[PDB]
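Trainee: My structure is below; once you've seen it, I'll send some questions.
All of this is worked out from the model, or read from it or from the source named; none is laboratory data. Note: ideal-geometry Cβ built from the backbone for every residue, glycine included; neighbour counts use all protein chains shown.
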């Protein structure tokens, strides 16, 4: 039980009843009070944090509000059936600190649990949301972690998170393609519309290939994200 | 704990149990009583507001009822799963005041959080609701704040709210277009119906472009809202 003041932009989904401070999915703190400061729409939020984290609480502790994913219940308007909000934290070396400014978005993935963190470069985001799923042989072996525009305004950098035991799958010569939405073709002498993937419709997905003989890729290696399976066919440009 | 009387038109969704006064998303007050005044269907609502806001409570304090967004659950009829109502406030210089007349709609966005507040001119509203989403490279970088008919009866002015870090994207030579609803084409020698955007179907959306070399637009600069991506193609009129 302590008093930690964090300044937010907008007070949406933050209740003094149940709004936890989930450090790595662990309920550490609990929001106690929400007060307002009139300058620049400043929102002073008082939070009671446990004792061992309070000794770990230092100046380079990044707070950010966490909002639920873009879901079918979020677009339908069922605000009582989606869930609730929380805030996340990442402490650093810093100094002793009580007054904190919250961050606008999620920080970069820094911890090393064995998982692989590679970047994909697409001309636009497509149907991919944060939390969309990554397939190999239609088996979920990871998920899209974040997305951000590169300093040139042309592209979008989408960085994914392959699971630890599946890092062997990713090679230097892998090609990643986009499988999201439904494509229905009306063809001559029969129009075969087959529905293969149901989870990719609502949220979006990325599949990938693993070549035979190549070194396993690592350490934020970039990849082009092709828009379709037919665009990711190997071959020789003529 | 105080007594503040506000006059409303219709008493829908206002319960003495839980109806807060959300100033900038902060639960400041709580509705205590709903009584009726017979002239012109006047509804006197007694509200208990906290002490510091009561010292901030002055004559130029605009009150308005807040109703949930036009959603799929709002059109389906699930009145128990959408949510609840509240009222919002904006205090001004004014004078000491107890008796307030509520406002019919949301006031104009006056505060400066760094966000950008620009106007769009469309011949009709289209599928856009208040709270529909604004995309750049299919990344949500803002939302539609309000919509209102301009003094000439021809057009609708839709003013949107670009986020603070994405203000660099908007230029003077930007073109905004409408991506809302589904368009399904049946074409010769194959009919490729591809479903790209799921969130735009229920609520509506506006995408935009950023040109290469132009000054960044600011300070409520107007823009034409094209109805489709093909209508917002650059080129030379012949």
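Trainee: Of (1) within 14 Å of another protein chain (Cβ to nearest Cβ); (2) more than 23 Å from the chain's Cα centre (by Cα); (3) within 23 Å of residue A:115 (Cα to Cα), residue A:211 satisfies all except one. Which?
Mentor: (1)
Trainee: While we're on this one: Mind counting the residues in the stretch B:13-50 that are away from chain A (no Cβ under 14 Å) and assigned to a strand (DSSP E or B)?
Mentor: Total meeting the criteria: 14.
Trainee: Okay, next question. Evaluate the following for residue A:219: is it on the phi > 0 side of the Ramachandran plot and within 28 Å of the chain's Cα centre (by Cα)?
Mentor: Spelling it out, residue A:219 is indeed on the phi > 0 side of the Ramachandran plot and within 28 Å of the chain's Cα centre (by Cα).
Trainee: Could you list, in sequence order, the residues of the stretch B:71-97 that are farther than 29 Å from residue B:220 by Cα, more than 14 Å from chain A (Cβ to nearest Cβ) and surrounded by 11 or more Cβ atoms within 10 Å (Cβ to Cβ)?
Mentor: B:97, the sole residue that qualifies.
Trainee: Based on this model, can you work out whether residue A:60 counts as surrounded by fewer than 17 Cβ atoms within 10 Å (Cβ to Cβ) and either free of Cβ contacts under 8 Å to residues at least 12 places away in the same chain or assigned to a loop (DSSP other than H, G, I, E, B) (or both)?
Mentor: yes
Trainee: Right, another one. For residue B:54, are the conditions met, namely being more than 11 Å from chain A (Cβ to nearest Cβ), assigned to a helix (DSSP H, G or I), over 26 Å from residue B:141 (Cβ atoms) and touching a residue at least 40 places away in the same chain (Cβ under 8 Å)?
Mentor: yes
Trainee: In the set B:197, B:180, which member is touching a helix residue (DSSP H, G or I) at 6+ places or on another chain (Cβ under 9 Å), assigned to a loop (DSSP other than H, G, I, E, B), closer than 23 Å to residue A:130 by Cβ and within 14 Å of chain A (Cβ to nearest Cβ)?
Mentor: B:180
Trainee: Just to be sure before I move on: is residue A:103 within 30 Å of residue A:220 (Cα to Cα) and either in contact with a helix residue (DSSP H, G or I) (Cβ under 7 Å, 6 or more places away or on another chain) or not assigned by CATH to the domain that holds residue A:20 (or both) in the structure I sent?
Mentor: no
Trainee: In the stretch A:126-142, which residues are away from every other protein chain (no Cβ under 14 Å) and either within 22 Å of residue B:179 (Cα to Cα) or crowded, with 17+ Cβ neighbours inside 10 Å (or both)?
Mentor: A:133, A:134, A:135, A:136, A:141, A:142
Trainee: Do we find that residue B:68 is within 14 Å of chain A (Cβ to nearest Cβ), touching a helix residue (DSSP H, G or I) at 6+ places or on another chain (Cβ under 8 Å) and under 17 Å from residue B:10 (Cα atoms) in this structure?
Mentor: yes
Trainee: Which residues, counting only those in the stretch A:143-158, are touching a residue at least 12 places away in the same chain (Cβ under 8 Å) and either within 30 Å of residue B:211 (Cα to Cα) or crowded, with 19+ Cβ neighbours inside 10 Å (or both)?
Mentor: Correct list: A:144, A:145, A:146, A:147, A:150, A:154, A:155, A:156, A:157, A:158.
Trainee: Among the candidates A:169, A:161, single out the residue that is out of contact with any helix residue (DSSP H, G or I) (no Cβ under 6 Å at 6 or more places or on another chain), away from chain B (no Cβ under 11 Å), assigned to a loop (DSSP other than H, G, I, E, B) and touching a residue at least 24 places away in the same chain (Cβ under 8 Å).
Mentor: A:169
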